[PDB]
Amino acid sequence: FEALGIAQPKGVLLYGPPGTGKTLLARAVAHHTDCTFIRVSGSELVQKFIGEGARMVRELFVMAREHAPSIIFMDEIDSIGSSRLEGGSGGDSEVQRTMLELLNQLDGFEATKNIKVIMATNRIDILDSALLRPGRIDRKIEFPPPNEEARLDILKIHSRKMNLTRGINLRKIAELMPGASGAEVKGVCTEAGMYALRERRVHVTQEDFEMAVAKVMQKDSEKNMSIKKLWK
Amino acid sequence: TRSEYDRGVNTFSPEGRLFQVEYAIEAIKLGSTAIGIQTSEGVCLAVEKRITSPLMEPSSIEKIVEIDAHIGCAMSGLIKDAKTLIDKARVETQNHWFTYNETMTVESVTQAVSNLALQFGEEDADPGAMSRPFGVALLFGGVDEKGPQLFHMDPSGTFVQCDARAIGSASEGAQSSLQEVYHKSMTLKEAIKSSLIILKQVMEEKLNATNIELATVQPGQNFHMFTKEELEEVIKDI
Amino acid sequence: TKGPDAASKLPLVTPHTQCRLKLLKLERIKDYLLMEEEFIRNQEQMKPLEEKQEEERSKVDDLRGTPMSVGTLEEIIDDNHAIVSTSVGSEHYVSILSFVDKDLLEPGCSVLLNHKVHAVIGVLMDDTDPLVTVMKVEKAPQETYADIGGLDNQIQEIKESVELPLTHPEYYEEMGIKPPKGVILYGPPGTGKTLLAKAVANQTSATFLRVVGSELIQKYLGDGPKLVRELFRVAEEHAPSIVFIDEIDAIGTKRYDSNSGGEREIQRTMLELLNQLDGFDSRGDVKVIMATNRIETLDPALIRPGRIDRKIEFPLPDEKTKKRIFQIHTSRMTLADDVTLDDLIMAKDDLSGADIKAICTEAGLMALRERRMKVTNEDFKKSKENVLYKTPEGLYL
Amino acid sequence: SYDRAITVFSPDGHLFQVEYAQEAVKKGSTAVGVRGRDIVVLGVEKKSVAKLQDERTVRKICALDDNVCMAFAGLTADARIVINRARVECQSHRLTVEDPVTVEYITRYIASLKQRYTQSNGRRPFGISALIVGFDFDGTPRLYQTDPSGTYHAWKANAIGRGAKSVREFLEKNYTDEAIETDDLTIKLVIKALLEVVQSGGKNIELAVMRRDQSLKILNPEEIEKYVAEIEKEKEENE
Amino acid sequence: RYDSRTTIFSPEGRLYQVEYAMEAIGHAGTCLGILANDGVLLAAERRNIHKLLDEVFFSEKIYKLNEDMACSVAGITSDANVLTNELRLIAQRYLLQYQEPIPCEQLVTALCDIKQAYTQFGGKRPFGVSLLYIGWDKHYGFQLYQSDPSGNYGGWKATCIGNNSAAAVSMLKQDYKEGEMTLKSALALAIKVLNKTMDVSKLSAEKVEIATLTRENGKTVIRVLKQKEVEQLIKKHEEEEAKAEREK
Amino acid sequence: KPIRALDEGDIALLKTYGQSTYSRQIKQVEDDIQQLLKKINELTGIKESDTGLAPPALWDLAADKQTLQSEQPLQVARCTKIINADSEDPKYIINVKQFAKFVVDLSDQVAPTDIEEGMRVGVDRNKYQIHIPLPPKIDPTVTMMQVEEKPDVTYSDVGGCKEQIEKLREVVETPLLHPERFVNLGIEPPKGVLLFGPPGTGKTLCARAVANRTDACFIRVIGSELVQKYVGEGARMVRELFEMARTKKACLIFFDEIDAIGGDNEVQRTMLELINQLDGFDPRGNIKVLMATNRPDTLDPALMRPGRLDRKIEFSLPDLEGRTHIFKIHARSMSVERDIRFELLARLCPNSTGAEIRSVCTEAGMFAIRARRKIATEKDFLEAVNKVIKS
Amino acid sequence: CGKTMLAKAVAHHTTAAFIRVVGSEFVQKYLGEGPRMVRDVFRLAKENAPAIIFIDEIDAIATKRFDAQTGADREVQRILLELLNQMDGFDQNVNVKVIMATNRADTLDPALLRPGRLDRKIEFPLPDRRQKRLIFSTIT
Ligand SMILES: Nc1ncnc2c1ncn2[C@@H]1O[C@H](COP(=O)(O)OP(=O)(O)OP(=O)(O)O)[C@@H](O)[C@H]1O
Ligand SMILES: Nc1ncnc2c1ncn2[C@@H]1O[C@H](COP(=O)(O)OP(=O)(O)OP(=O)(O)O)[C@@H](O)[C@H]1O
Ligand SMILES: Nc1ncnc2c1ncn2[C@@H]1O[C@H](COP(=O)(O)OP(=O)(O)O)[C@@H](O)[C@H]1O
Ligand SMILES: Nc1ncnc2c1ncn2[C@@H]1O[C@H](COP(=O)(O)OP(=O)(O)O)[C@@H](O)[C@H]1O
Ligand SMILES: [Mg+2]
Ligand SMILES: [Mg+2]
Ligand SMILES: [Mg+2]
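- Per the deposited record, determination of this structure is attributed to cryo-EM, with the resolution reported as 3.16 Å.

If you want it as structure tokens, here you go:
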């Protein structure tokens, strides 16, 4: 980074549909890193006592600095840093104060060093523009719902401990999941296991996976055909 | 709580005021300063150009126009509003020169134009007309059977014979100065000199040939707008 | 009063290519650093100076005892007794001992008190609670006006507000105008507000006090206004000084009728800040600089012309400012000759200074992706949309 | 408040809907037109078609009559509607008076149409500004700008749309009497003004030239590369 | 705010009602058409076939207008029917007046003018329908135009509109070789695009609505792919996908 | 394309090959530079903080021990209700700041006549007996008070308030300088007036000007001052201010930004103390009250009752003649040319408050300094009013 | 239809550590106390044995997240977000099963209705024929 002449990246945001690997990726990063990982998952910085949230932000960043190159994982950053509300009265301000303190710590007058920070959310569009700003959050990584090969890979991961039968074709099961998040794939594995458990067996068959897919992915559609036929 | 009466012209304030009409009146101050003065020898109309860019064609910006060879005009307000007003005035003057085959007096000119005005709240707008008060103050000057005559028109439709009236952004100050600078026996040349003096004291920039449009109407000649050389002649003295 | 602070080392960056000119310059710097170290080491190696008064000092210390609790002299009475409030907040009518400098006692100065039978036994002019001490800049930031691209009008205004009065101010009273007490920076995020604050703090000759705005708020009742008062007292005490309150909207929001005690205390902290900003004369050499993104949400009494006259606007950078910023942030890069950089600047976007810096960093990362460091134009081309995430086509065409 | 009503004066005397429609032009695209001694030129920034758009039907520059042309900035549907109405009116004017429509007449008609569309509720103003160009019967070069407020004005060389202020200042600093001595000089000025905002050059620019009743042919994309070769040549020539 | 009747202007200049009429097409069924060397076709999605629709129709998303004019619809059903009827009326009025089939560009501009007039004035909600007209004319041979509820239009050689339209058109432009597709390759490309854009592992021919326009023997023939034909095409593309994956 | 993570060999080759031959010594030297800075910082020392030690021979250390062993400290408290003492209940509830409250009896050295409610009193530790009353004292150096006996602003320095200043003349000049007319007209002089108007209109300044020209000393009472730290005893503080106004031949008591006070426990104690010092104090006095707020209605309804506040005065934004007059009055103190069309500037800044006009003049000076010219031109004023006005 | 009763029966027929809370109980007066109480209940469940957390009427706090424009709505959504991050956050829970009952499932946040947080969304319809017979028999 010094030889290239570029500035070191600081933050990174993991945004996407609910349940894709965001918190899982943060957990893995914590597992595979020599940095002093920090979990400061959101709404832990919201204290009843006035001005305590900003103080806790400062203490958290000073502790991260005092230690080695560290990683701060602000899970569900949708909570504290969302969007500054005009005025007071009914609008929140203390949380805005905490968020502004976080913003200044991230990229302000002091210019912290080796404090790489990860944040996650399902609603990036509502995050404050001053928080999404590059230099404070670069590489806004998107976690889209897995495609068919990715769904197959997730299935092969989460059925690893299972007692599969000869003749199981996980590719068909992955195909049976159009636009299914990874958490839903793990849930399908679990529900197929439960279908095996109900019959007091230990093997899972293809029909078990098909019924688990049907059960997990089951969702309420538009019952009224006439409403559904408004659009061509 | 005024807010319930500014919305729409057909509302009456608790003080019985027409807030939409008052807003239209104040919208005149958005326009450039126009000064007209009435003298026994005639009337002269002085205006500010307020040129936005040197690349502008000065002929396009029209602050003074001709309704008929015997009468003159000055504008302050919306360009399109005054365009419709002036077109209607010219159509009316030809209507009179058709019906009576005579030159129609400036008081009747402002009468007809004010008839087109003050028609915003009139049910005859069903074919299509102003749903909003006209937003330009008019300065009418010319010579008729009563000699030289200058009339000032109010977007509300009111008109008054004025010896010297100033409309536009600096209407208050220019009127205050004209109050003491005007005399009844003022000659045309000294009146126009005084008018450019007031413009110099009032206008935001220096007076050059492209800052002022000048007009004159006398019983002898017809409506004459001062050319570049005439403007230079009248401005070199001042 | 004493003088300003914020000592910084040398700009260097006279070269930046490591052509050994950097090496002679840093060698001179390090050699002189060694000289300072050797001098002070050898000074403390031989520095015998102690005792002298001793017994008089010994007995005045014995009168002082141990520990001696510091207190804030709230009020003075006839010159043997005074009113002093302990840091708890309880205040007592105590006696002032003979050996205290009666000239130094002034309402607000920290006074040493006897632990038992409270009595004024000394005066501390350097209390400076750790919070306000931290809020003071010691090592000036490395950024400089050369690092800022564009913002010529902004730099010019900020220098007229917080440099020209500290340097030769004769023009100001020559023209009869008061110097502008306080300036406020505003604009969209990442446009150069905090960067301009760093640059000012670099080429400065006054105490620079960086403040987060939200830092002023404190949990305990009365700690907020007390902190603001102490911060500005330090600013006057170390005059000339510059007080930079970043993110002023953390407290500068619209004032409204407070109900909860915390909201009341926030309102009180802002009232104390505003009263303090009124307190020092504009002729005084303490200037405040506040930055915010949501300018519209500020209290229209904090931005009164009698309080904060100047208002520096930070618009999103134009094409020429974009190219200046790109020149600045690609200066260290080993750009290949094929890169034009004008395609990105052309693209009608809301690229900020921060966005340009991130585009450059991502381009460097993408070059590293291909094992190279020469950074072609293709790397910038992909980096632009890599960083710039997120009118329906033919509406306005 | 006072903004969501086309025919309601604000307390400070503004028809805010009209000014908002006017501002809607600034979100269009740059269109600059210059009138020369014998030529009038129209330089417009062309949206680079991604992969599939047919450029034949993305017409930004259109001619109202054989003696007048116009470029627009604003919503394309409004521009198409005003183009149809104004060319219909040119034909009807030739029906009534048998002589070619002067630029003043057609510009006045366009301004009056826009105005009658911005003086009553239930009628949204035409949020487009059009640069009217053409020669009169005596072949005098005249250029007019029409504003969504319903007004018109005579401009020697004007620019509209996004970045129109920069092009305006460029023309102020570069418009000279000798800069219009020859057709090539006027072309050089107009391409220079265009590349001021659209610096990519090559494509993304369309040009049209009207000489003394040639029934203008838009410069075809063979000599735009030739003309930009000339522009780059003169550009490396003075530097 | 400025979300009232369409005859309003946001301070930034945006026409919010027109904007919502734009984004509303994202709720409509996905339909596309592409321009081949010697042919043009329209592919559409039958989003609503639950179990018991009689299918007493010639085409739902695709509506024929004239011996030479055909279009696909995407929007509210009522505005869809109104737009189709007005298209027929205008095309045949032009035919009666001029004794020539209406040029595609002229009819497209007529529709666009009507749609603009429905958002220009009157306090009437704009037609929330985006059209894909397909047709032939002697002036430019085979042409395809993509309408717009805003009242705009564009000539395109590849365009998808409906749900998941952005990804479909992105991959379509990724995989378009202009000037070198016949009808067969165009059909294969459309089927692949439908595969990628629909929410189905194996799209059924029932959910697919394809009509092809081709000029031959001096006359232009508009035909919708029959069930046998569409099933043959989808099975051919299916074994082609199988070939691609087994080779992979 | 699957992008490969840089291998250890790849890291090693990136660290070299494409490096300047001086990377090593440059980086090492800069590291030692920072290390030496840290060493100097850590070992430079702090230096003795210089506690407040008086010069020698000034110390009475023997008597210091005498006091430290004999004289005792006293806690101070906010005394409250007298419990209706009558010499059989000498106890009073006293409030020792954030500590508790206690009922306590007097010391023998003090008499009950010297003790009343609301005052600061020094109380001992052992029995909490009030040992000495401690008046909060009055001093212009402390608080923020009148700090003015003859303000430097006359009627000349105020412009654009002609009807405003004329009504103020009616209010203050006629009773103070012509008492006989209301004596023989048998009418009580106006008892209170409220100068309500938008901020920056000139309320404070007009009040100060009329104070200078009424031959009475101007009183400045900032509301946030006694809302903040100087709260509580503020009742006795204004009590003393009013008492000194009694001793003073004539005071012009104006409470600055009374929006901060009129809008309440000690606040209510205060304005009831003014109930005692306007209602209780005779309405005939020469210490007339002046009320000025940004929020008119904020004042408590019991204040403007007839017989407490006779008049209410509206300070509106200056007019065209007013704006040019304030422009002249502000540019007199400035280096400008003698042909500045102030009427033009006043026209160019409609509905502009006076503070905006003073800031416009200041910005015109700034623009003049920008070009390093000793005299500001009309062009500078034009661009300044383009800057400040129009925001 | 039997939701709270099934929770009651589970609480009776369990060796687990049962923690009963209602949704409206979470929403506290003071700012930041609701999320703190969510943290505390889950922490108590974690530090105890295999535990069950029952949150009746979860639609009080787990309504679909939207662009809150007030402090109160932001606080309610903060409570929901703390619930989410506690259920399936960075530091997982072991042997802490959470039962949540609501009358309007469709108004619940989709992030709360995904496997890994609410693995099973069990429908409790109105009794059908045989269910009516069973209920009548067990009540009479
Ligand atoms: N790509 C994936 N590969 C393997 N397992 C996955 C993947 N995505 C999700 N999972 C599994 O599904 C669950 C998803 O939970 P996780 O917290 O990681 O999701 P998320 O995207 O962070 O959700 P949330 O928006 O609630 O934070 C985990 O239990 C994880 O094991
Ligand atoms: N004009 C500029 N020239 C060079 N770099 C710039 C410029 N403007 C911004 N930058 C870059 O942007 C980065 C971040 O900007 P900065 O910290 O000043 O943000 P800001 O505008 O004060 O925003 P905020 O206070 O809302 O976070 C700086 O580190 C700097 O490199
Ligand atoms: N009528 C006026 N004449 C002269 N100066 C005025 C006038 N009105 C306002 N000002 C200027 O406004 C500035 C501040 O006015 P101030 O009295 O603080 O306003 P407020 O009435 O809100 O207290 C003063 O410096 C003064 O010069
Ligand atoms: N299956 C059942 N068997 C017997 N009683 C039932 C059954 N379902 C509901 N009830 C009756 O209805 C009540 C159950 O209320 P419940 O369904 O828990 O409310 P909610 O659905 O709001 O949680 C009980 O008091 C019980 O008497
Ligand atoms: Mg998570
Ligand atoms: Mg910043
Ligand atoms: Mg229940």
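Read on for the rest.
Observations regarding the overall build of chain B
At step 1: From N to C terminus, chain B includes seven helices and nine strands.
At step 2: Computed over its C-alpha atoms, the radius of gyration of chain B comes to 18 Å, within 12% of the 18 Å expected for a compact globule of 238 residues.
At step 3: Taken over the C-alpha atoms alone, chain B extends approximately 55 × 45 × 40 Å along its principal axes.
At step 4: Considering only contacts in chain B between residues 6 or more positions apart, those separated by 24 or more positions represent 63%.

Examining the overall build of chain A
At step 1: From N to C terminus, chain A includes nine helices and five strands.
At step 2: The dimensions of chain A, computed from C-alpha atoms along their principal axes, are 60 × 50 × 40 Å.
At step 3: Across the 232 residues of chain A, 54% fall into the buried class.
At step 4: For chain A, contacts bridging at least 24 residues in sequence account for 75% of all contacts bridging at least 6.
At step 5: With an accessible surface of roughly 10600 Å², chain A has 52% of that area assigned to carbon and sulfur atoms.

With respect to the interface of chain D and chain B
At step 1: Taken together, the contact pairs 29 residues of chain D with 29 residues of chain B.
At step 2: Summing both partners gives a buried area of about 2400 Å² for chain D against chain B, and 60% of it is carried by carbon and sulfur.
At step 3: Together, D:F9, D:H153 and D:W155 form the three largest contributors to the area buried by chain D at its contact with chain B, with a combined 25%.
At step 4: Across the chain D-chain B interface, the total number found is one salt bridge.
At step 5: Here D:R35 ties to B:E57 by a salt bridge, and the two come within 2.6 Å at their closest N and O atoms.
At step 6: Summed over the shared surface of chain D and chain B, the number is eight residue pairs in polar contact.

Considering a positive patch on the surface
At step 1: Taken together, G:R129, G:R130, G:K132 and G:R133 make up a surface patch of like positive charges.
At step 2: As for its placement among the helices and strands, G:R133 is situated in helix α5 (residues 130-139).

Section: the pattern of salt bridges
At step 1: Inspection of the entire model under this criterion finds 92 salt bridges over all chains.
At step 2: We note a salt bridge from C:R233 to C:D127, for which the minimum N-O separation is 2.9 Å. Of the two residues, C:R233 sits in helix α7 (residues 223-237) while C:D127 sits in the loop between β5 (119-124) and α3 (130-134), which places them 106 residues apart along the sequence.
At step 3: On the basis of relative accessible area, C:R233 is assigned to the partly exposed category, the value being 27%.
At step 4: As a salt-bridge pair, F:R78 and F:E233 come within 3.5 Å of each other at their nearest N and O atoms. Of the two residues, F:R78 sits in strand β1 (residues 74-79) while F:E233 sits in the loop between α7 (223-227) and α8 (234-247), which places them 155 residues apart along the sequence.
At step 5: Using a relative accessible area of 19% as the deciding quantity, one classes F:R78 as buried.
At step 6: Residue classification places F:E233 among the buried positions, given a relative accessible area of 10%.
At step 7: One salt-bridge network, held together by shared partners, links C:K2, C:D127, C:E230, C:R233 and C:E237.

What to know about the arrangement of the chains
At step 1: In this assembly 10 pairs of chains touch, with chains C and F having more contacts than any other pair.
At step 2: With no contact between them, chain B and chain E keep their nearest C-alpha atoms 14 Å apart.
At step 3: A gap remains between chain E and chain F, which never touch, and the nearest two C-alpha atoms on either side lie 16 Å apart.

Here we look at empty space enclosed by the protein
All names here are of chain C.
At step 1: By volume, the largest cavity amounts to about 100 Å³.
At step 2: Looking at the largest cavity, it is lined by 13 residues, and the ones nearest its centre are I251, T253, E263, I266 and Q267.
At step 3: By residue number, the principal contributor to the lining of the largest cavity is helix α8 (residues 261-279), which donates four residues.

A short note on the sheet that holds strand β5 (residues 147-153) of chain B
Residues and elements named next belong to chain B.
At step 1: Pairing is antiparallel in the open sheet, where four strands are placed in the order β3-β4-β5-β6. The strands lining the two open edges of the sheet, one partner per strand, are β3 (71-77) and β6 (159-161). Neighbour-to-neighbour, the strand axes of the sheet open up by a mean angle of 20°, direction not taken into account.
At step 2: Relative to β6, β5 is paired through three bridges, and the arrangement is antiparallel.

Brief notes about the interface of chain F and chain C
Size of an interface: often given as the accessible area lost when the parts come together.
At step 1: In this assembly, 72 residues from chain F lie in contact with 74 residues from chain C.
At step 2: At the boundary of chain F with chain C, the tally comes to five salt bridges.
At step 3: One can count 23 residue pairs in polar contact joining chain F with chain C.
At step 4: Those elements that provide at least two residues to the side of chain F that touches chain C are α1 (8-15), α2 (23-43), α3 (61-70), β1, α7 and α12 (354-370) of chain F.
At step 5: In terms of residue class, the side of chain F that touches chain C is made up of 32 nonpolar, 17 polar and 23 charged.
At step 6: Examined bridge by bridge, strand β3 (residues 91-96) of chain C and β1(F) share two bridges and lie antiparallel to one another. Residue pairing for β1(F): C:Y93 is matched across the bridge by F:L74.

With respect to the site of ligand 2
At step 1: Surrounding ligand 2, one finds 21 residues, the nearest of these being A:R136, C:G149, C:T191, C:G192 and C:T194.
At step 2: Nearby residues around ligand 2 are contributed by chains A and C.
At step 3: In this structure, an oxygen atom belonging to ligand 2 sits 2.6 Å away from a main-chain N or O atom of C:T194.
At step 4: For ligand 2, an oxygen atom lies 2.7 Å from a polar atom in the backbone of C:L195.

A few points about unusual backbone geometry
Backbone geometry follows two general trends: most residues other than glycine have a negative phi, and most peptide bonds adopt the trans configuration.
At step 1: With an omega of 0°, the peptide bond between C:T66 and C:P67 qualifies as cis.
At step 2: Take C:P67: it is sitting in the loop between α2 (55-64) and β1 (68-76).
At step 3: Backbone torsion omega between C:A239 and C:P240 reads -5°, so that peptide bond is classified as cis.
At step 4: The residue C:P240 is located in the loop between α7 and β8 (241-246) in this model.
At step 5: Despite not being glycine, F:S87 shows a phi value in the positive range, around 65°.

Side note on the site of ligand 1
At step 1: Contacts to ligand 1 come from 18 residues, most closely from A:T20, A:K22, A:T23, A:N122 and G:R117.
At step 2: In this structure, ligand 1 is bordered by residues of chains A and G.
At step 3: Separating an oxygen atom of ligand 1 from a backbone N or O atom of A:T20 is a distance of 2.4 Å.
At step 4: Protein contact buries 89% of the 640 Å² of open area that ligand 1 shows by itself.
At step 5: At the level of secondary structure, the elements contributing two or more residues to the shell around ligand 1 comprise α1 (22-31), α5 (148-158) and α7 (182-198) of chain A.
At step 6: Of all the elements, α1(A) adds the most residues to the shell around ligand 1, at four residues.

Examining helix α12 (residues 377-387) of chain C
At step 1: Residues C:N377, C:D379, C:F380, C:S383, C:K384 and C:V387 constitute the buried set of α12(C). The buried residues of α12(C) occupy an angular sector of 145° when projected down its axis, which confines them to one face. Exposed and facing more than 90 degrees away from the buried side of α12(C) are C:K381 and C:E385.
At step 2: Structurally, α12(C) contributes buried residues whose contacts are with β5 (140-142) of chain A together with α9 (319-329), α10 (342-346) and α11 (353-369) of chain C.

A closer look at the environment of A:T33
Residue and element names in this part refer to chain A.
At step 1: Position of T33 among the secondary structure elements: in the loop between α1 and β2 (36-39).
At step 2: On the basis of relative accessible area, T33 is assigned to the partly exposed category, the value being 24%.
At step 3: Sequence separation between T33 and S70 is 37 residues, and the spatial gap between their C-alpha atoms is 9.5 Å.

Digging into a negative patch on the surface
All names here are of chain D.
At step 1: Negative charge collects at one region of the surface, where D184, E230, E232, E234, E236 and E237 lie side by side.
At step 2: At five residues, the largest contribution of residues to the negative patch is made by helix α6 (residues 223-238).
At step 3: Within the fold, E237 resides in helix α6.

Considerations on the packing of helix α2 (residues 76-97) of chain D against helix α3 (residues 103-117) of chain D
Residue and element names in this part refer to chain D.
At step 1: Put simply, α2 and α3 touch, their axes get as near as 10 Å, and they point 130° apart. As summarised for this structure, α2 and α3 are arranged oblique, according to the angle between their axes. As for the relative orientation of α2 and α3, their crossing is right-handed in sense. Contact residues: α2 offers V82, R85, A86, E89, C90 and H93, while α3 offers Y105, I106, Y109, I110, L113 and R116.
At step 2: Class assignment of the residues belonging to the contact of α2 with α3 gives a composition of eight nonpolar, one polar and three charged.

Analysis parameters
- Residues numbered from 1 in each chain as written, not as in the entry; some residues may be left out.
- Chains lettered and ligands numbered in written order.
- Part of a larger assembly, values for the part shown.
- Heavy atoms only, no water.
- Residues with missing side-chain atoms left out of burial classes, pairs and counts.
- Helix = DSSP H or I, 4+ residues; strand = E, 2+ residues; numbered from the N terminus.
- Rg over C-alpha atoms; globule rule 2.2 N^0.38 Å.
- Contact = heavy atoms within 4.5 Å.
- Buried < 20%, exposed > 50% of the residue type's maximum accessible area, 1.4 Å probe, protein only.
- Areas by Shrake-Rupley, 256 points an atom, 1.4 Å probe, with all protein chains shown as cover.
- Buried area = accessible area lost by both parts, 1.4 Å probe.
- Salt bridge = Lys/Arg side-chain N within 4 Å of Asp/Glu carboxyl O.
- Polar contact = N/O pair within 3.5 Å; in protein donor to acceptor, adjacent residues only side chain to side chain.
- Patch = residues over 30% accessible without salt bridge, like charges linked within 9 Å, V, L, I, M, F, W, Y side chains within 5 Å.
- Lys, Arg positive; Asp, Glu negative; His and termini not counted.
- Charge placed at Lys NZ, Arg CZ, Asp CG, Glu CD.
- 1 Å grid on protein atoms, 1.4 Å probe; cavity = no way out; pocket = protein on both sides within 12 Å on 5 of 7 lines; lining within 4 Å.
- Points joined across faces, edges and corners; volume = space filled by probe spheres on them.
- Pairing = 2+ DSSP bridges.
- Axes fitted to C-alpha atoms, helices over the stretch in contact; angles between N-to-C directions.
- Nonpolar A, V, L, I, M, F, W, Y, C, P; charged D, E, K, R; others polar.
- Near = heavy atom within 4 Å.
- Arc of directions from axis to C-beta.
- Parallel < 35°, antiparallel > 145°, perpendicular 65-115°, else oblique.
- Left-handed = near helix turned anticlockwise from the far one by under 90°.

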